[PDB]
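Undergrad: Sequence lines, in order, name chains C, X, R and E.
With positions in the first sequence counted from 1, the corresponding number in my numbering is that position plus 10.
With positions in the second sequence counted from 1, the corresponding number in my numbering is that position plus 4.
With positions in the third sequence counted from 1, the corresponding number in my numbering is that position plus 351.
With positions in the fourth sequence counted from 1, the corresponding number in my numbering is that position plus 354.
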Amino acid sequence: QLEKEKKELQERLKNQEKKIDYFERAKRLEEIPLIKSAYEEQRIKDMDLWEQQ
Amino acid sequence: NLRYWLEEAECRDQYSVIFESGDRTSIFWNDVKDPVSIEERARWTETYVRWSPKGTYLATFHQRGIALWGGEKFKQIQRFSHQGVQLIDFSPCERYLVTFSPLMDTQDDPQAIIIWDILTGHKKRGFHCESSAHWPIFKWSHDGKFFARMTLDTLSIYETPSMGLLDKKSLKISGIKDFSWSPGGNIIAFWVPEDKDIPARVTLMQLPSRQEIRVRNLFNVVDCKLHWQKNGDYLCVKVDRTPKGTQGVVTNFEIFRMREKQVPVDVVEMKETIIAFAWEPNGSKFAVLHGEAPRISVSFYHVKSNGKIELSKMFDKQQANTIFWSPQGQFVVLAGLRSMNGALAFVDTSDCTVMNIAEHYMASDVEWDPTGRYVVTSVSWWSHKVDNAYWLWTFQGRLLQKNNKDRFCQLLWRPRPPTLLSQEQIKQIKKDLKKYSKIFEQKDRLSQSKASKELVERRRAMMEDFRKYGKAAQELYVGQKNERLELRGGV
Amino acid sequence: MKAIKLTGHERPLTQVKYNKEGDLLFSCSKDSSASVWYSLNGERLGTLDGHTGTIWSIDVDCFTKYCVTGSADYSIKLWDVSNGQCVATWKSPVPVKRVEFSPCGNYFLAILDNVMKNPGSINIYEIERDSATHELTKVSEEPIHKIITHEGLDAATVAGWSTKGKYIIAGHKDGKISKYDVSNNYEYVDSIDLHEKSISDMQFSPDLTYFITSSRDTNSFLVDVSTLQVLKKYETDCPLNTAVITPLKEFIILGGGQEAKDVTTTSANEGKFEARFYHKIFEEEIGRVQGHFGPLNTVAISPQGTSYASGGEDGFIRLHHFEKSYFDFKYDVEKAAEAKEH
Amino acid sequence: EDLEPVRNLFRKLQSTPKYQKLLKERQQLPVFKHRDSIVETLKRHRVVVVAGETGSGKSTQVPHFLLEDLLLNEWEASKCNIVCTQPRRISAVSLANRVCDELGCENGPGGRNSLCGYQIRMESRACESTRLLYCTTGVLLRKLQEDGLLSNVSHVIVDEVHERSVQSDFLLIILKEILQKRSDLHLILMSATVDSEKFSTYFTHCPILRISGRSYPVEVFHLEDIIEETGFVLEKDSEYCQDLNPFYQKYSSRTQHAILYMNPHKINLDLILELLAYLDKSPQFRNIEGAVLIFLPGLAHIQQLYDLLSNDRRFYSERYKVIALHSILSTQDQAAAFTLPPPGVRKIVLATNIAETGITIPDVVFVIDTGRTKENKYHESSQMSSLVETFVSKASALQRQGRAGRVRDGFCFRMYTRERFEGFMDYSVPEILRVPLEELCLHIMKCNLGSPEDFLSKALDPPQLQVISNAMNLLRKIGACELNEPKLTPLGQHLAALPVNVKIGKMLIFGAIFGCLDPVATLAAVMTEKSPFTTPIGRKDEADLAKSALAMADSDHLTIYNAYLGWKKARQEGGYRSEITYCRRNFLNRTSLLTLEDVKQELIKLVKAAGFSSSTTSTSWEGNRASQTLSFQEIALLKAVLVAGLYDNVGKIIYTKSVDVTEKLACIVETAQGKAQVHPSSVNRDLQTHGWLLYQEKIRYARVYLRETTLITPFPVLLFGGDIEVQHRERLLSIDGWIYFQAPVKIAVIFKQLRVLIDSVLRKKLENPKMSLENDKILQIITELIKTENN
């Protein structure tokens, strides 16, 4: 019973680790196009601010 | 930062930021198998190296002027001439840099707190020197709209964009022992002990109105500590009260609620010697440590479905002195920092259950992934000198590696905030409802399984043939002359 | 790695060696004094003075109590490391080209060159030591055995002992390697024919169960002691003077080069005699490390695998401390297999 | 700093025949085998502990190897300047001379082109080429007050860290803070003992280099060995007579009987005489030249053994020279212990714990250790020092043993069993801590190192907070610190800059303000140095009578001053022969009187450098007055300045009218901390008057004694004492609520107002030391008032 609970705990922990890692990887992949768009907008603003200064 | 995170092949984690390997300030990834070194740059900093809040710039100390190292392959794009400086820190929105000289020169005269605007590249202000207390002595608001410092008899409030003086005034309030800005727009929590005619109080003040919106007198207190929740939802105050025997007899927790009408107050706790408190990141649970039992006791608190926040679990007494929570809320580290052994214990939450307990010989320093996957802990050579190392570990209870480092100075992860967050992303996180899922990780492991093939096979065969040759000689030698083969000279 | 440069010798280097704990480095050159250096910072600890000729070989015992040198002046000397004094000299009828201690420090061999009419030989000497202090008590003026050049081989040029001193392995001026059985009165056991030129170095793996050869014929061979099977071949376009097997990582370091002579070297191209690192198992060149102004004549690796030193025909020793990129250097199948563990 | 001139100087020195000769001797030292490992470890680590026995060569060769490496090898350090601290003046001077010789320097330390120098209190031997400085720990601490980062120093070496002195431990706290601020500073800790782990741990587990080294072995004989070898028989009727551990079964039944029945609570002086006679008879020791050093718990046992040696026919010959070494003796009599005896004469030095640390007698070969001391205990509730000490610690006994073995092999005879030694405590109770902390607290505040409480909490062994509070209360009472804050007053800033006790420093500053600096600097030198009065063995009553013939104004302080004036006169009028004749007639140490002149001139220079000039119009003391007795008015002023420095040390004379004219009753004094007797060496021992006594020190021996006393009058106490209360109805004036004077109410109010005037003038003068007070009406009236009290 101790070995069974230890195996079930290890499997639950391993499944939790994978879920968190895959969730963060998925969030980052969906964020890439937004980061690129935000970089283009920031580059325009920095260029306008430089020209104005 | 974001681009590199997409393009680069691995599998699967964070970027550093290492002081230690060699006489060099050095760049690494987290490639699961090892951290792989990207660069090692000889004498890049002359004291300490600091990241910008999104990791955008690297702030590098040179004794002839602080430098902001930018561009993908790293060069100085901006450098600020202030010597005698040791403190070199940003506004939380990456727009302004504050430099402080605790060593007077004729650089400061006597304007030792110098504020540099990153967007222009110019010194906007200097403010004359300081004696008290912990850095930051001059504290920004979350938006970077306001900036302030205490005079003991008067709070002075300074204003972005030009670093003016708010209302053309400073707020004549006396006896302040510390002040903390809210994450929420825009509020200061500050507190006053027994000052002559005035009994002790905690004040919540709104700005730019400048009104003491919630004051509570606390009465006869040795000390208090003001702990904001990370979104500004709550202010917890940790209050140590005094009987007529002149003792710190009992710690109380009193929680102000800031979204709720007319700022109601949850009085929660009464207990012996509370030495640490920490909120759940982005949430509403909390964990607490109590002294003198004679090992340190741990108490765990959750929010009830009927309202109030209340004790829910405890665990037996331990060596943990520092409570360090994951940015993803679930995992909390209970760490006995500055102990020779053990002393790192790991708890999964809701309903606080201990997952693992591990080594880190002479542990000093501790940090997490911004999304909670990895823990890194280190032993600075400024702190300790019997092992000197960094230790890298996965949230589960699996060590990745421990790498001893010869005169180890520092480790810091490069910041990586989640780029956007929304109701549909929060919905996608709930999609598989709770049971298991099998959509992503099995495909990444299949990709890794593909990475064992095509020219790879001949090399796998070579590795194998070598291990076999070696086992054969290993056997023979044990039998013939009782000798154990090795690849490095034993201790 | 980071490198610093040790200068002391004004003459081409002939041998560098680390001691067992890897905190001292010993070197000899065509000068008549040897030097001892701290391997941490390259500071010179002191010198060994008394020979009158090039010192070809230096070795240090497993206790770091004595080192032994072989010289062009037709002598071998034994030195006390803590005060740099000579405690014993043997005279030789021929120059001595190489010396090495047995793994436990009770014997050393010396290669006696085949000059004038001498056929050459590997001499074995015994040092009787106090079992507590490891100080010597007796040295005999005679070797306790002389392995005269075997019938059919040219003279030995290099030799070393295998694990527990059970075999002596030798390399010869005709590119052969031969093996001698220490228990059986050093009798000839076997030989292999590897190189088209003389064997210029031969060094052992950390456990002494295999070794690596090098030759000016551009090739290097990894060879098993017990069978003399050739395990690996590293093929170069460069005449080699020296080679080593690294601890910790599965790497090989090779070194040699061809003196420039008549062609002009530009300032951009100066300092480009290199050591080449190969992967031991895959036989693949993985790096070249520059810094020398003439051929590399000797390379040594610390037994901890944390630095290496090279001595050049330029009269310098470059001392190298490995960095994190070196320790983490891994083929993709090596990352895979190291993770398969857990 | 262009090092090339100094590198070229060193290369020239290395070519000298002197350097090459001494290099061959240096190569024989144990530490030389570790030269390259020491240098390489110091390159890799900012802090290193170097542990190894005395005589291994550490203190000479570790600083030398570091100097050699920094000059010859292009280390990335742009700077080569090494400081090596020593607890002892003689060690700083002798090590610098030895290393200067080993460097091939011809002019000695601080000579032209000398790479090595030394600096001790009142003596500096360094030049612009000096890159290795040996100094006393308190010299480096003063340099830290001038340069808080030691900006011009590259390497600090703290030697003899195992002595665990207050100044060493204090320096280690400061150096730990500087090592956090400066990445370029290196620290070496040198120890003779094996507790290198505590120092390693305290500096973040820094590397320990263990140098295997004998050097200069001391053979140890325990009480059982001494009894066996001497043939000593314990007589059953002797005052030393009061399952024997199986360990003793190897000794004779006589020795077993002597060990079983010998009183462990008495020092067997008869066994010391037999042991001394055995050293001359024994074939083992008879041919060994050297001095014998005997550790005794105090002056009474020194006298008892001196009398036994003087009366014993075995020791009556010109073959022995018996010398006492005790804290009570003059600096000249203490200096006699360092003089070599004539050839064939055995020197016997009878010493307390004064020989146990900080002092080196180079010719000691034999140590006799009684294993006993007398120790100062401070009682906080009474503010009294008591002298009551028992067995020494193991650390103390090993340091006594190590008095043999310094220059050559030696012998240590322990007048206690091996088992008794094994049962000694390892360390004495708070060697650094048990002492008063006021000078330490003053120094902490002078260096702006925070509160004394918070700073001392960081010590290896923190003192009790009550000791710190008491020390701070004394600094507040003196006026060195503000009343509510740990901040130095202008007086405190001047006191912290003077190399003397706060009470003596206040006396010097007041001596300058009252324009009496020359006599007061002589009194200050007398209070800091050993008494010039000697009491030669067997001539006590003649020495006491000669001191009484010099007695001045019922004051020990003015009696010593009068002795100095008469010596100065004898030297000026009759030269060297008159000087010696005066010293011999009055039992004075000439060397002590010379040191008093040197210390006086330097104290005057330091007070003048602080801006306190003596007025050029008082030609009264600087010009030719070696021929005049002090006027009564000058005596009154000197007593007043003594009270201004020492007021915390006042007591009321308990006059008891003797019934019997023949009983010389000792003068009894009531102090704020209880009753005491005037010490028998005082001219006031038999003082039979009502009044007030000032004292320098209150010490517990068998009784509580007041040392170095002065009879004082009311006006000094009223002007410079603690709080004045006026009892208008009773016509009584109280000072600190316990000192009572009968005064008309108007006179009592006058003194209360005169203090406000004094404090106003003193404050202005302490804030601006260069301000002239010559025409100050207030100072003139106070000086006139003090001068009138005895008319």
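Even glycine gets a Cβ: it sits at the ideal position worked out from N, Cα and C.
(1) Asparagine 427 (chain E) touches chain R at which residues, Cβ-Cβ below 8 angstroms?
(2) Just grab the DSSP bridge partners of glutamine 82 (chain X) for me.
(3) In terms of residues, what are the limits of the beta strand (DSSP E) holding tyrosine 162 (chain X)?
(4) Does DSSP put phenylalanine 33 (chain C) in a helix, a strand or coil?
(5) In terms of residues, what are the limits of the beta strand (DSSP E) holding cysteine 1021 (chain E)?
(6) Go ahead and label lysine 612 (chain R) buried or exposed: buried means 16 or more other beta carbons lie within 10 angstroms of its beta carbon, across all protein chains shown.
(7) Of all the options E:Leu449, E:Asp455, E:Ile1101, E:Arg398, which has the alpha carbon lying nearest to the alpha carbon of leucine 376 (chain E)?
(8) Have a look at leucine 489 (chain X) and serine 369 (chain E) and give me their C-alpha separation to the nearest angstrom.
(9) Check whether the stretch 571 to 583 of chain E and the stretch 598 to 611 of chain E touch, using three or more Cβ-Cβ pairs below 8 angstroms as the test.
(10) Along the stretch 381 to 401 of chain X, what residues have a CB closer than 8 angstroms to any CB found in chain E?
(11) Would you say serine 433 (chain R) lies against chain E (beta-carbon separation less than 8 angstroms)?
(12) So does the stretch 857 to 869 of chain E actually touch the stretch 996 to 1004 of chain E, counting three or more Cβ pairs closer than 8 angstroms?
(13) At a CB-CB cut-off below 7 angstroms, which residues of chain R make contact with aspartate 763 (chain E)?
(14) Would you check if there are 3 or more beta carbon pairs closer than 8 angstroms linking the stretch 491 to 511 of chain R to the stretch 552 to 568 of chain R?
(15) List the endpoints of the continuous beta strand (DSSP E) containing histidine 294 (chain X).
(16) Quick test of your reading: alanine 1030 (chain E) and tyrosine 1059 (chain E), contact by CB under 8 angstroms. State the CB separation rounded to the nearest angstrom.
(17) Closer than 8 angstroms is the cut-off here; do at least three beta carbon pairs connect the stretch 686 to 696 of chain E with the stretch 731 to 739 of chain E?
(18) Is the number of C-beta pairs between the stretch 277 to 292 of chain X and the stretch 252 to 260 of chain X that are closer than 8 angstroms three or more?
(19) Any idea if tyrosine 918 (chain E) is buried or exposed, counting beta-carbon neighbours within 10 angstroms, 16 or more meaning buried?
(20) For the stretch 261 to 307 of chain X, list the beta strand (DSSP E) runs that are entirely contained and at least 3 residues long, ordered along the chain.
(21) Cutting at 7 angstroms between CB atoms, please list the residues of its own chain near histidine 399 (chain E), excluding the five before and the five after it.
(22) Can you pull the chain X neighbours of residue 6 (chain C), defined as C-beta to C-beta under 7 angstroms?
(23) Compare the Cα-Cα distances from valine 540 (chain R) to each of R:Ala521, R:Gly526, R:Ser653 and report the closest residue.
(24) With H, G and I counted as helix, E and B as strand and the rest as coil, what does DSSP make of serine 451 (chain X)?
(25) Going by C-alpha distance, which of E:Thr971, E:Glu839, E:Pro637, E:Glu785 is nearest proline 817 (chain E)?
(26) Does any heavy atom of the ligand ATP sit closer than 7 angstroms to the C-beta of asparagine 221 (chain X)?
(27) Could you check the C-alpha separation between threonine 51 (chain X) and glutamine 429 (chain X) for me, to the nearest Å?
(28) For the 8 angstroms Cβ check, are there 3 or more pairs between the stretch 422 to 431 of chain E and the stretch 581 to 592 of chain E?
(29) Restricting to runs no shorter than 3 residues, where is the beta strand (DSSP E) found entirely within the stretch 17 to 80 of chain X?
(30) At a CB-CB cut-off below 7 angstroms, which residues of chain X make contact with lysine 675 (chain R)?
(31) Does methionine 1125 (chain E) pass the burial test, meaning 16 or more other C-beta atoms within 10 Å, or should it be called exposed?
(32) Just to confirm before moving on: does the CB-CB distance between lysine 993 (chain E) and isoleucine 1066 (chain E) stay below 8 angstroms?
(33) Tell me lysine 317 (chain X)'s beta-bridge partners as DSSP assigns them.
(34) So, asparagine 392 (chain R) versus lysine 397 (chain E), is the Cβ gap smaller than 8 angstroms?
(35) Please tell me whether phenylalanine 412 (chain X) and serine 382 (chain X) are closer than 8 angstroms, where the distance is taken between their beta carbons.
(36) By DSSP, does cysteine 795 (chain E) sit in helix, in strand, or in coil?
TA: Short version:
(1) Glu394, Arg395
(2) X:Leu72
(3) 158 to 163
(4) helix
(5) First-last for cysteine 1021 (chain E): undefined, no H or E at that position.
(6) With fewer than 16 other Cβ atoms from the protein chains shown falling within 10 Å of its own Cβ, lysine 612 (chain R) counts as exposed.
(7) E:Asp455
(8) 52 angstroms
(9) The answer is yes - the stretch 598 to 611 of chain E touches the stretch 571 to 583 of chain E, with three or more Cβ pairs under 8 angstroms.
(10) Of all residues in the stretch 381 to 401 of chain X, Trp385, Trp386, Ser387, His388, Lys389, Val390 have a Cβ within less than 8 angstroms of some Cβ in chain E.
(11) Yes, because at least one Cβ of chain E sits closer than 8 angstroms to the Cβ of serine 433 (chain R).
(12) yes
(13) Using a Cβ-Cβ cut-off of 7 angstroms, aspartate 763 (chain E) is close to nothing in chain R; its nearest Cβ partner there is about 22 angstroms away.
(14) yes
(15) Looking at the DSSP string, the run of the beta strand (DSSP E) that includes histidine 294 (chain X) is 290 to 294.
(16) 6 angstroms
(17) no
(18) Yes: at least three Cβ pairs fall under 8 angstroms.
(19) Around the CB of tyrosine 918 (chain E), 16 or more other CB atoms lie within 10 Å, so the residue is classed as buried.
(20) 269 to 275, 278 to 283, 290 to 294, 300 to 307
(21) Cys560, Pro561
(22) Only positions 11 to 63 of chain C appear in the structure, and residue 6 (chain C) is not among them; the question remains open.
(23) R:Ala521
(24) helix
(25) Restricting attention to E:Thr971, E:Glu839, E:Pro637, E:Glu785, the CA atom closest to the CA of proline 817 (chain E) is found in E:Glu785.
(26) Looking for the ligand ATP in the displayed structure turns up nothing, as the structure carries no ligands at all.
(27) 41 angstroms
(28) no
(29) 17 to 23, 28 to 34, 41 to 46, 53 to 55, 62 to 64, 70 to 74
(30) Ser25, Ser30, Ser41, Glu44
(31) exposed
(32) Yes.
(33) Beta-bridge pairing links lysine 317 (chain X) to X:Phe304.
(34) In this structure, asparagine 392 (chain R) lies near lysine 397 (chain E), with their beta-carbon atoms less than 8 angstroms apart.
(35) yes
(36) Helix.
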